[PDB]
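Positions of Cβ are generated from backbone atoms using ideal geometry, with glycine treated the same way; all protein chains shown enter the neighbour counts. A short reminder: the numbers here are calculations on the coordinates, not readings from a lab.
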Amino acid sequence: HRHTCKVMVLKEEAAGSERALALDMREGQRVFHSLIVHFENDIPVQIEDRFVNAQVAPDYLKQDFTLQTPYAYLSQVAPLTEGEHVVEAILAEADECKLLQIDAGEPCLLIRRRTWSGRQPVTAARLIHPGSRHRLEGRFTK
Amino acid sequence: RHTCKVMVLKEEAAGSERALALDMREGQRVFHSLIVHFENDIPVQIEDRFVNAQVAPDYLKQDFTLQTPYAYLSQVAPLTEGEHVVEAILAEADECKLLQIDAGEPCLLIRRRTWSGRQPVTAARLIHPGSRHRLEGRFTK
Amino acid sequence: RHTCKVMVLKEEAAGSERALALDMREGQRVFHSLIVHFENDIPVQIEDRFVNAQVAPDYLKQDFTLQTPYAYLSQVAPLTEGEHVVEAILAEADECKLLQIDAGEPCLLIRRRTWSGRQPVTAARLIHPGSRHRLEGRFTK
Amino acid sequence: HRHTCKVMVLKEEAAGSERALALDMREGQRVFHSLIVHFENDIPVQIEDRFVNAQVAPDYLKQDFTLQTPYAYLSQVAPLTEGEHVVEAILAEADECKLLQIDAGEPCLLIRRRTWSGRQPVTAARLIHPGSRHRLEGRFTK
């Protein structure tokens with residue numbers, strides 16, 4: 001386990017119709033968008049495709065996300081009070097498959113995450129993992 | 001309308017994989033149930049489950065169209081700890097047929113094992129078509 | 001020894017609070033059970049439960065000293081999603097009386113709601129004298 | 001939504017009986033101890049009384065926890081893999097009522113937590129919240 005990453009995208013853009021729904025925003029408002037690929041022993045194991053309300057985290061594009069995760073950084077900037085996850089088994093988009101070095105037919109674990117600071121949505125990410133390279137594991141008392 | 005069909009309910013030798021899961025020898029008896037769940041006549045889950053026969057000796061007496069195997073086991077032994085592993089997989093050919101899905105349909109696999117104190121009691125492989133189920137959670141920090 | 005006593009088991013109108021809890025009209029009918037659970041003669045929990053009466057038409061016919069409301073409801077509808085809210089509260093005068101606590105003793109409230117698909121099935125308030133109950137668990141991160 | 005905090009205690013001390021059992025150590029071994037009052041919009045919401053294995057986080061005492069929470073810091077120092085919780089409703093002690101700015105008869109939510117990194121206990125905390133000011137919420141598919 002030699003963990004390595006590459007920040008593929010880090011930019012401002014309009015929320016548009018999808019981040020408007022995801023972050024309770026108007027389509028015209030600005031978001032910041034980072035896309036990071038994570039590698040284990042040089043093999044892609046996760047895409048983290050993250051959008052952040054730009055007013056909440058004005059300095060987000062100034063960060064080096066090879067040195068702190070976008071989540072860790074956000075947690076210092078705003079008090080994150082609530083989170084949501086949705087886990088699905090999907091086929092990934094063409095360009096996501098290319099980034100992950102998988103064939104298009106390879107099932108992937110998707111975890112969609114949203115995080116709130118008080119009642120306000122802060123960030124929405126899609127974590128996409130090749131299904132042959134990552135599993136969620138845990139143990140819990142009853 | 002939720003409905004289910006009990007496809008298998010029988011006693012079987014544990015074999016290698018179940019013996020390992022439940023710390024048993026391979027010739028030791030397990031009970032095995034395979035149940036398909038339906039929403040509005042559409043398959044949404046296969047539950048393929050095994051239990052140590054010594055722990056729930058009346059398991060084969062139950063009508064699992066009336067109550068789930070898990071809720072049944074809850075009542076025969078105190079279930080105190082569970083482990084799970086979630087993966088995105090393609091299902092086996094026979095699973096695709098029971099679930100009425102495309103061979104290429106991505107599926108959520110949930111493998112579970114549940115314990116009564118330090119004894120593993122039951123283990124299950126739960127397979128859901130990707131288009132038909134998701135796990136959702138929302139929680140304060 | 002665990003014992004319990006079913007204190008209320010009746011049909012009533014949802015009214016304004018169950019209208020909000022269960023997304024129902026105020027005049028829609030619900031079933032209401034209130035059960036007190038004891039440990040060695042000493043009250044440890046009130047389960048005050050409301051159920052959509054169309055979902056579980058036979059709820060009033062059950063003997064809940066023999067099976068819990070939640071276990072019964074599990075058999076009548078697929079219960080697919082649950083919500084839990086844990087608060088530290090002071091209990092209402094009548095609840096303090098049932099629990100044999102002073103009005104100022106803090107209580108652990110767990111407020112639960114369970115759905116079957118998109119449909120809210122039941123909402124319950126579990127109230128525990130803070131001195132007699134704790135919630136405990138452990139889980140991997 | 002704004003989180004601020006006041007560090008009341010930051011010191012090395014003997015584990016004692018409690019922390020010896022919580023953190024699997026000798027009662028005479030040194031542990032680090034922080035007591036911080038957390039505010040949400042200037043109103044007290046939590047007293048976090050936290051103890052930390054000095055061997056795992058040797059530089060704990062050196063931190064400015066007005067800039068970061070102890071948990072965030074600790075999760076940087078070591079991978080936190082497992083958490084244990086005990087939740088109770090209690091009345092706070094008189095000094096705790098003064099710190100939280102609450103009525104003596106206010107029901108408080110008490111959470112006692114331990115966190116492991118692998119099989120080593122890293123930290124144990126006693127968190128007391130005014131019951132009117134915090135609760136635990138979750139919704140989850142079954």
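Within the straight-line cut-off of under 24 Å between alpha carbons, the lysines reachable from C:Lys61 are C:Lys5, C:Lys10, sequence neighbours fewer than 8 places apart in one chain being disregarded. Each of B:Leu34, B:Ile110, B:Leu9 was scored by the projection of its Cα onto the charge dipole of chain B, and the greatest displacement toward the positive side belongs to B:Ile110; charges sit on the C-beta of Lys, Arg, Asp and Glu. With unit charges on the beta carbon (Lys/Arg positive, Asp/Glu negative), name the residue among D:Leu74, D:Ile43, D:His3 whose Cα is farthest towards the positive pole of the charge dipole of region D:1-131. The residue sitting most towards the positive pole is D:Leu74. In vacuo Debye scattering of chain B, one point per C-alpha: log10 I(q)/I(0) at q = 0.09, 0.14, 0.20 Å⁻¹? Each listed q maps to, in turn, -0.28, -0.69, -1.29. Listed by chain and number, the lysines whose C-alpha is less than 18 Å from the C-alpha of D:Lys6, apart from same-chain residues fewer than 8 away, are D:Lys62, D:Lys98. Between the residues D:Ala20, D:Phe65, D:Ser117, the greatest Cα displacement towards the positive end of the dipole of chain D, with unit charges on the Cβ of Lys, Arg, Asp and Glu, is found for D:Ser117.
B:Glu39 sits among other residues whose Cβ lies under 10 Å from its own Cβ, and their net charge, with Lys and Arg +1 and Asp and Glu -1, is +1.
Please list, by residue number, every one of the trypsin sites (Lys or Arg not before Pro) in region B:4-113 that is coil in DSSP and has at most 14 other beta-carbon atoms within 10 Å. Kindly include the intermediate steps, with their values, before the conclusion.
On the way: sites: B:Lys5, B:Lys10, B:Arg18, B:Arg25, B:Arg29, B:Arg49, B:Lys61, B:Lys97, B:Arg111, B:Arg112, B:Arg113; in loops: B:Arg25.
Listed in order of number, the matching sites are B:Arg25.
With an a/c value of 1.5 or above and a/b larger than b/c for the gyration tensor axes a ≥ b ≥ c computed over the alpha-carbon atoms, region A:1-131 is described as prolate.
As a length-normalised measure over Cα pairs under 8 Å and 6 or more apart, the relative contact order of chain C settles at 23 percent.
For region D:1-131, the Cβ-based charge dipole about the Cα centre amounts to some 420 debye (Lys, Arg positive; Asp, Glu negative; other atoms uncharged). Here the label points at D:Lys6 and D:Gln55, each 7 Å from Cα along the C-beta direction, are separated by 3.7 nm in the simple model.
Classify region B:59-141: rounded, prolate or oblate, from the alpha-carbon gyration tensor (a ≥ b ≥ c, eigenvalue square roots; a/c under 1.5 rounded; otherwise prolate if a/b is larger than b/c)? Verdict is oblate for region B:59-141.
Dipole magnitude for the protein assembly as shown: computed about the Cα centre from +1 point charges on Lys and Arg Cβ and -1 point charges on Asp and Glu Cβ, it is near 320 debye. Relative contact order, whole percent, for chain D stands at 23, derived from Cα pairs under 8 Å and 6 or more residues apart.
With the cut-off at 1.5 for a/c, could you classify the protein assembly as shown from its C-alpha gyration tensor as rounded, prolate or oblate? Cα axes put the protein assembly as shown in the rounded bin.
Please state the charge dipole magnitude for region B:1-130, taken about the Cα centre, from unit charges on C-beta atoms (+1 on K and R, -1 on D and E), reported in debye and rounded to the nearest 20. Write out the running numbers ahead of the final one.
Values: 14 positive and 19 negative charges, 85 e Å.
So the magnitude is around 400 debye.
Gap in Å between the Cα centre of region B:55-100 and the Cα centre of region A:65-142? Result: 28 Å between the Cα centres.
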